[PDB]
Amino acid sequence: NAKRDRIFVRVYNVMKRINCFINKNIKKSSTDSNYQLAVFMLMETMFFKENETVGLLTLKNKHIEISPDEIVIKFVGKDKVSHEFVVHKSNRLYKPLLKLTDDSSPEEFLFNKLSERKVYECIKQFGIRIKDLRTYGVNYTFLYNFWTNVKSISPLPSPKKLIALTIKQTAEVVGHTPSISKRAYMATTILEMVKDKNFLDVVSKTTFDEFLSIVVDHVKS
């Protein structure tokens, strides 16, 4: 598919762009609305909807537990969408989020100099809408699990069972079974690379970045 190839490839590159922006702005003090973008941008793209977007900007400094080796973030977006993820000391987020946290203001929002308009516009100015980042994430999650499968499972399941296992894992990971258009685009894409006799054998020795690149090289061609 022409369209989906274009987008996947577009985001793989756009992501490279948002990461430079990040490494620019995180050096920018704290109070900077742009330093606050770079921190939120880091939080977004590091997906490892609209509802929970609210809760994050509705994130109070008093729900951000901070300790020597971790930071536990807690929010509730429209009842059901309640979460409590953690950030480990080593992870890219810990320090900028440590610097962003103001403990002298428990009831004020972490991302106080940002909101709906601020974030949304940033990302879109990168050449991709929200949607583009979301489907990309599921494609990234599918490729990650697929990758993870080929190096952990010996002997290998074979193209159809490997693919089916990866979709199931991505549904378990992302929380829901992705669209049929999405599953179809990823299974096909994978069945077409599998036509190469050494594809799987090489993937079993790639790092995830070598692999993701091999996949962009293919989609781009």
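Residues carry their position along the shown sequence, with the first being 1.
Pick one of none, 1 to 3, 4 to 9 or 10 or more for the number of deposited-sequence residues not modelled between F48 and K49.
-> Gap size class: 4 to 9 residues without coordinates, per the record.
Entry-level comparison of average CA B-factors, 92-100 and 134-142, reporting the higher stretch = Higher mean C-alpha B-factor: 92-100.
Hey, which bit's got the bigger mean C-alpha B factor in the entry, 186-194 or 170-178?
-> Higher mean C-alpha B-factor: 170-178.
Kindly indicate the residue among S158, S67, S152, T58 with the greatest C-alpha B-factor in the PDB record.
-> Highest C-alpha B-factor among the listed options: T58.
Chain-wide C-alpha B factor ranking for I163, given as lowest, middle or highest third | CA B-factor rank for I163: lowest third.
Within this chain's modelled residues, let me know which third the CA B factor of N23 belongs to: lowest, middle or highest.
-> As the PDB entry reports it, the C-alpha B-factor of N23 lands in the highest third of its chain.
Determine, from the deposited record, the chain-internal third of the Cα B-factor for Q125: lowest, middle or highest.
-> According to the entry, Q125 has a C-alpha B-factor in the chain's highest third.
Cα B factor band for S115 (lowest, middle or highest third within the chain) | Answer is highest: the recorded C-alpha B-factor places it there.
Quick one: classify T148 as lowest, middle or highest third of the chain based on its Cα B-factor.
-> Tercile = lowest for this residue's CA B-factor.
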